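Trainee: pasting the first chains of the complex, positions unchanged:
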Amino acid sequence: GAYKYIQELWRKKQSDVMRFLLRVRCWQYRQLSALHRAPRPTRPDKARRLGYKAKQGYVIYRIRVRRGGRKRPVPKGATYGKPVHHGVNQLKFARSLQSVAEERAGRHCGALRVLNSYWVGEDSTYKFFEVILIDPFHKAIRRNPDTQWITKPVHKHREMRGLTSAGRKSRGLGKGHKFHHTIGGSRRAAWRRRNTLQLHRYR
Amino acid sequence: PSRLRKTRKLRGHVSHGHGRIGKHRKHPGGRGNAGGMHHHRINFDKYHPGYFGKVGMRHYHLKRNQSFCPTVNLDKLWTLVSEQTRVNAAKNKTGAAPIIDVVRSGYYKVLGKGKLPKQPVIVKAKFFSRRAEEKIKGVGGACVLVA
Amino acid sequence: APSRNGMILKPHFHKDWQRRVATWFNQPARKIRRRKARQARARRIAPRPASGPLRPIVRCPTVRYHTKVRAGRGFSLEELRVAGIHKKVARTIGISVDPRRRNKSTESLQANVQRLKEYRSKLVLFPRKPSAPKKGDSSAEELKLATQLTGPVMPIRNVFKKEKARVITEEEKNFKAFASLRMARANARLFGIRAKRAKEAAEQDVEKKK
């Protein structure tokens, strides 16, 4: 089936074909606003593996994000404090750019419920992304049982809480020895557990 | 029981048992184990010889259960079994010798402290001492390795 | 400041711990709540064991625990396959099934098949309607018990096989255990180099020809 071809082609990103296209796409995207609703998914394939479905009430915003790290917002330098914390230039945000991308798509379209995102290119200055969104109150989603989990109000603002695939990754949770921080729910919760004087009745 | 404590008997007296030349100030030494090298050194190196310094090899992902090997002495090996195995034996007249599975009772190694009574055995165990073996043989028994 | 002899001891009360003290005044109230909730769940699953489903027998890991045996999480697929219970159905008759369990040795497998067989013997499957089709048991074994089973269903008891008094053949007596262990240690230690020197010597014998 064509999707497997498309998939394998897109892995040849250093190839002559895909490099040509990526350059032309990235030029084109750069010549638009920072947030615009793509009429259809640039990457159909990827979108399907991430859970897009080509029916009504699935949406896709292409969102630009400025690239590079995070300089410490303090006037001049003047991070007054112990010279551990004197750093301002070479320091780096916890979440990814892709998460930031989703978060912004989420912010803008409050009714819409961020499902998942994928990449469409990168300049020196910008990255580009494509956030799949969903109306939780369009009948075609509501009545389809397999999606109607997103219409539940626990799934409000997934991206804001660190719950999309992208913003999950910063949280630092997976099974096995390479984690332990996040061995309750999350990073914060384990610390909480580990720094509770459990003070029993009888002692 | 505050009733019994010392502050009840100190009521009335000025200094509260802390003296009046020197007082009860907050932290005159430094907090805690401060000064281990300087200014508390003598206490450290006459009641904790060897506090300071590294020694030996690091071992990163220590898991204690690998090195699990609870020992038992010949001293009290017969304790593992009901008296009537040690009694139906020194009797019987077959020269039978009853088995003692030490690993069942929760000891892996059998070390050799103590006098073993002149009364044959078959000791099943994961590990043995040299002496524990020897004593067992001298009783007229047989050590038996188990996985 | 330390004064004459004592453990040079490190307490961990430097963070704001009184902000995170966790009292246990619940616990009685808790213990009850669980207990009510427990009795409710029994009553809901009416003649079904209060326990839960049946669970496999399983040995612990590590040299330490090794000798003991617990209840496992669920019966493997091979064990269901050999017993002849369709895995999707086994859930519906109160048989725990995990499918992530390997099955290394055949001693642990046949035991766990035996478990399921025994379960299926002493199980009282009620028919779907009061009108009785196949599988569903007789109204005798139904009226005589729509009874719950208190406690864990067919409990595992870690058990020992009594060894009778032998005679000690002149061979057991001959054995030198401690030595044997020392030897067995050194051969694991030295296996690998010995093989490298032999590989060296073999190369020297072949090199002599050419």
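Mentor: Perfect, thanks for sending it. Numbering: from 1, shown residues only, chains lettered A, B, ... in the order given.
Trainee: Tell me how far residue C:102 lies from residue C:79.
Mentor: Counting by Cβ to Cβ, to the nearest Å, the gap from residue C:102 to residue C:79 is 11 Å. In short, each C-beta sits where N, CA and C put it, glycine included.
Trainee: Which of the two has more residues huddled nearby?
Mentor: The neighbour comparison of residue C:102 against residue C:79 (other Cβ atoms under 10 Å in any protein chain shown) goes to residue C:79, with 25 against 6.
Trainee: Could you measure from that one over to residue C:118?
Mentor: According to Cβ to Cβ, residue C:79 and residue C:118 sit 13 Å apart.
Trainee: Residue of chain C closest to chain B, please.
Mentor: Distances between chain C and chain B by Cβ to the nearest Cβ are smallest at residue C:1, namely 2.8 Å.
Trainee: ok, for that residue, nearest residue in space, not its chain neighbours?
Mentor: Among residues not flanking residue C:1 along the chain, residue B:29 sits closest, at 2.8 Å (Cβ to Cβ, 6 or more residues apart in numbering or on different chains).
Trainee: On the three-state scheme, that neighbour is what?
Mentor: Three-state call for residue B:29 (DSSP: H, G, I helix; E, B strand; the rest coil): coil.
Trainee: That one: neighbouring residues, count only.
Mentor: Using other Cβ under 10 Å, residue B:29 has 13 other residues around it.
Trainee: For it, list the residues it contacts.
Mentor: Contacts for residue B:29 (Cβ atoms under 8 Å, 6 or more residues apart in numbering or on different chains) come out as B:35, B:39, B:40, C:1, C:2.
Trainee: Who are the contact partners of the fourth one?
Mentor: Taking Cβ under 8 Å, 6+ apart as the contact definition, residue C:1 lies against B:28, B:29, B:30, B:34, B:35, B:40.
Trainee: I'd like to know how many residues surround whichever residue of chain B sits closest to chain A.
Mentor: With Cβ to the nearest Cβ, the shortest gap between chain B and chain A falls at residue B:61, namely 7.9 Å. Counted with other Cβ under 10 Å, residues neighbouring residue B:61 total 5.
Trainee: Chain C versus that one, what's the distance?
Mentor: For residue B:61, the distance to chain C equals 14 Å [Cβ to the nearest Cβ, to the nearest Å].
Trainee: Check whether that residue sits in a helix, strand or coil.
Mentor: Quick answer, by three-state DSSP: residue B:61 is coil.
Trainee: Name the SS class of the closest residue to it other than its chain neighbours, please.
Mentor: Once flanking residues are discounted, residue B:61 sits nearest to residue A:177: 7.9 Å by Cβ to Cβ, 6+ apart. At residue A:177 the chain is in coil, as set by three-state DSSP.
Trainee: sequence below should go in as chain D:
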Amino acid sequence: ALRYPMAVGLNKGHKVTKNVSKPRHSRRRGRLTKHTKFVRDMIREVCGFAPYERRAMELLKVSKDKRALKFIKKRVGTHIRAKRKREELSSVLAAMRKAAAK
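Mentor: If we add chain D to the chains shown above, we get the following:
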């Protein structure tokens, strides 16, 4: 002469009979399928090769094959990936050489 099972040394541990079950289906992942192979190489004649790959082919042609690997390791990352790539490149280069000779 009496071979008690031991808890320590080479053929150690509790002696138990082994069943030889069907290996889990999870274990066969990454096995190259006839149809996937066809797709993979169907695309290597559309898309062609990357720049670093091409540069390595040119090294391999010259028979300077250590420098080829030194390059691929710095480029790809590991040794084992670099070595596996160098074999593919040498295979490609050979099938060109066979194709030319006709």
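Trainee: so, the neighbour count of residue B:61 revisited with chain D in the model?
Mentor: For residue B:61, the count of nearby residues is 5 (other Cβ under 10 Å).
Trainee: same thing with residue B:52?
Mentor: A count of nearby residues for residue B:52, using other Cβ under 10 Å, gives 10.
Trainee: got it, and the one 5 residues further on?
Mentor: A count of nearby residues for residue B:57, using other Cβ under 10 Å, gives 4.
Trainee: which residues does it contact?
Mentor: With Cβ under 8 Å, 6+ apart, residue B:57 has no contacts at all.
Trainee: Pull up the gap between it and residue A:26, please.
Mentor: Remark: distance between residue B:57 and residue A:26 (Cβ to Cβ) = 54 Å.
Trainee: Please apply the same query to residue C:75.
Mentor: Residue C:75 is 55 Å from residue A:26, by Cβ to Cβ.
Trainee: Neighbour count: those two, which is higher?
Mentor: residue C:75 (29 against 17).
Trainee: Could you pull out the helices in the chain for me?
Mentor: As the question left the chain open, I've gone with chain A. A:2-11, A:16-30, A:44-50, A:97-108, A:139-143, A:158-161, A:165-169, A:187-194 (DSSP state H).
Trainee: try again with chain B
Mentor: Under the criterion DSSP H, helices of chain B are mapped to B:6-10, B:41-47, B:83-87, B:102-105, B:130-139.
Trainee: ok, now chain D?
Mentor: Listed in chain order, the helices of chain D (DSSP H) span D:34-44, D:51-61, D:65-76, D:79-100.
Trainee: picking up where we left off before, could the helices of chain B go into TSV alongside mean neighbour count and distance to residue A:50?
Mentor: TSV is the format used below for these (neighbours: other Cβ atoms under 10 Å in any protein chain shown; distance: least, Cβ to Cβ, whole Å):
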stretch	mean neighbour count	distance to residue A:50
helix B:6-10	10	70
helix B:41-47	13	62
helix B:83-87	12	70
helix B:102-105	18	55
helix B:130-139	18	66
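Trainee: okay, those helices in TSV with distance to chain C next?
Mentor: TSV is the format used below for these (distance: least, Cβ to the nearest Cβ, whole Å):
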stretch	distance to chain C
helix B:6-10	18
helix B:41-47	5
helix B:83-87	8
helix B:102-105	6
helix B:130-139	5
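Trainee: I'd like to know which of these lies nearest to residue A:190.
Mentor: helix B:41-47 (35.4 Å; Cβ to Cβ).
Trainee: Just the CA coordinates for that closest one, please, in PDB.
Mentor: C-alpha atoms of helix B:41-47 as PDB (Å, rounded to 0.1, in the frame of the first residue of the first chain):
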ATOM      1  CA  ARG B  41      38.800  16.800  66.000                       C
ATOM      2  CA  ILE B  42      39.900  15.100  69.200                       C
ATOM      3  CA  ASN B  43      36.400  13.700  69.900                       C
ATOM      4  CA  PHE B  44      36.300  12.300  66.400                       C
ATOM      5  CA  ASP B  45      39.600  10.700  66.500                       C
ATOM      6  CA  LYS B  46      39.300   9.300  70.000                       C
ATOM      7  CA  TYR B  47      35.800   7.800  69.600                       C
END
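Trainee: onto the same structure, RNA strand E please:
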RNA sequence: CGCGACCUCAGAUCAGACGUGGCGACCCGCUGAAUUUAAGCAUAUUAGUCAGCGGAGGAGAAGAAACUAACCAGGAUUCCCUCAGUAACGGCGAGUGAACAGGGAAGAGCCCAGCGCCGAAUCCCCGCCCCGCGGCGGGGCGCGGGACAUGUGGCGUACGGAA
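Mentor: Adding RNA strand E to what we have so far:
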């Protein structure tokens, strides 16, 4: 020099929907000190703690192994007891500091993309009738619109699956 497809884009007080603020004990994501300790202090510590911003729910988060182990092996997540003030970190000073096993509380497991087969077999909105209507649903009937082949629905997902 028109008319017609589509593509990409606009504008509507267009028809019908949703989002905005609050609360914040508990919860998720960021951000993030300095008093303080070290008898001084800069790494360390205080602390991923206070303050700061964001977003929730009746709980949240987590969760059905790219896991543990190295055993005769265990088998999602969470919680307690233990592991253990231990392995480890550390001007190896002050200080800091987990995990597996073991025993419990509870216990529940599943679905896509893909790969394939099936006349798109699917969905939304209109309009007419019968029931039902204070959580807008059922059934029928319309050459009544649209979405959709740049892929909807049934079967199926590694515990194998299809024919």
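Trainee: Repeat for the contacts of residue C:1, accounting for RNA strand E.
Mentor: Residue C:1 makes contact with B:28, B:29, B:30, B:34, B:35, B:40 under the criterion Cβ under 8 Å, 6+ apart.
Trainee: With respect to chain C, which of those is nearest?
Mentor: Set against chain C, the nearest of these by Cβ to the nearest Cβ is residue B:29 (2.8 Å).
Trainee: TSV please, covering the contacts of residue C:1 and showing distance to residue D:19.
Mentor: Output for these, formatted as TSV (distance: Cβ to Cβ, whole Å):
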residue	distance to residue D:19
B:28	72
B:29	68
B:30	66
B:34	63
B:35	65
B:40	65
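Trainee: Name only those of these that count as buried.
Mentor: For these, a burial check counting by 16 or more other Cβ atoms under 10 Å in any protein chain shown picks out B:35, B:40.
Trainee: Who is the residue nearest the centre of chain C paired with across the strands?
Mentor: Taking Cα atoms, centre = their mean, the centroid of chain C lies closest to residue C:58, which sits 2.7 Å from it. Beta-bridge partners for residue C:58, by DSSP bridges, are residue C:70.
Trainee: Point out the residues in chain C that sit beside chain B.
Mentor: Chain C comes close to chain B at residues C:1-6, C:8, C:10, C:62-65, C:67, C:160, C:163-168, C:172-173, C:175-178, C:180-181, as judged by Cβ under 8 Å from any Cβ of the partner chain.
Trainee: Sitting in helices, which of those do you find?
Mentor: Per DSSP H, helices hold the following members of the residues of chain C next to chain B: C:62, C:63, C:64, C:65, C:177, C:178, C:180, C:181.
Trainee: If you rank these by neighbours, which is first?
Mentor: residue C:177 (25 neighbours).
Trainee: ok, now which ones touch it?
Mentor: Contacts for residue C:177 (Cβ under 8 Å, 6+ apart) come out as B:128, B:133, B:143, B:144, B:145, D:4.
Trainee: Could you export those as TSV, including distance to residue A:65?
Mentor: Shown next, in TSV, are those (distance: Cβ to Cβ, whole Å):
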residue	distance to residue A:65
B:128	69
B:133	74
B:143	73
B:144	71
B:145	67
D:4	69
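Trainee: Just put those in TSV and tack on distance to RNA strand E.
Mentor: Listed next are the contacts of residue C:177 as TSV, based on distance: Cβ to the nearest atom of the strand, whole Å:
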residue	distance to RNA strand E
B:128	18
B:133	22
B:143	19
B:144	15
B:145	13
D:4	14
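Trainee: Of those, which count as buried by neighbour count?
Mentor: Buried among these by 16+ other Cβ under 10 Å: B:128, B:133, B:143, B:144, B:145.
Trainee: Between these, which sits nearest residue A:158?
Mentor: Nearest to residue A:158 among these: residue B:145, at 60.1 Å, using Cβ to Cβ.
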